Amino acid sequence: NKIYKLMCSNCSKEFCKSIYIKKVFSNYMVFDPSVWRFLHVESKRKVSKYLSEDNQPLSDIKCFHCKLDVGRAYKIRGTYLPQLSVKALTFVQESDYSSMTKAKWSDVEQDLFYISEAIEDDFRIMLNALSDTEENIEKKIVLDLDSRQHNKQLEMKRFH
């Protein structure tokens, strides 16, 4: 099986391996709890127009090193998960000298690696990943605050 590293397209720092990308209703999310070490998390100070219980778009995520925006964090199935934008990535096959960028995830699926559907075990691995250390807790506070704001609008819409 060919494993790829997923790198920032701008500064070439590594975010995670391809084996951690899994789909939830066509949202391509990262299920390596280590990936948060390589992301700044910042509030948009604007709740999503998409309001649902099971799939909540929350804080933006930036490359830890070059600070470009690289996607968005979500709460999906009650779990915090990053979604890296395919346009922010460069793919390198382990032990090869080539690099590839793709316009669409479907090109990644056809040309690089199969992406499977996430299962409940994958969500459980990511739960509470942002715990215990100063660096993690800062990020958790930002997600938690954005989630509270999201839920406030959600409940408000559903009031009537």
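Note that residue numbering begins at 1 and tracks the sequence as displayed.
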Mean C-alpha temperature factor, higher of 23-31 and 44-52: 44-52
Per the entry, higher mean C-alpha B factor between 139-147 and 11-19: 139-147
Most elevated Cα B-factor in the entry, residues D60, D121, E109, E117: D121
Cα B factor band for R72 (lowest, middle or highest third within the chain): lowest
When the modelled residues of the chain are sorted by Cα temperature factor, does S99 land in the lowest, middle or highest third? middle
Comparing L6 with the other modelled residues of its chain, is its CA B-factor in the lowest, middle or highest third? lowest
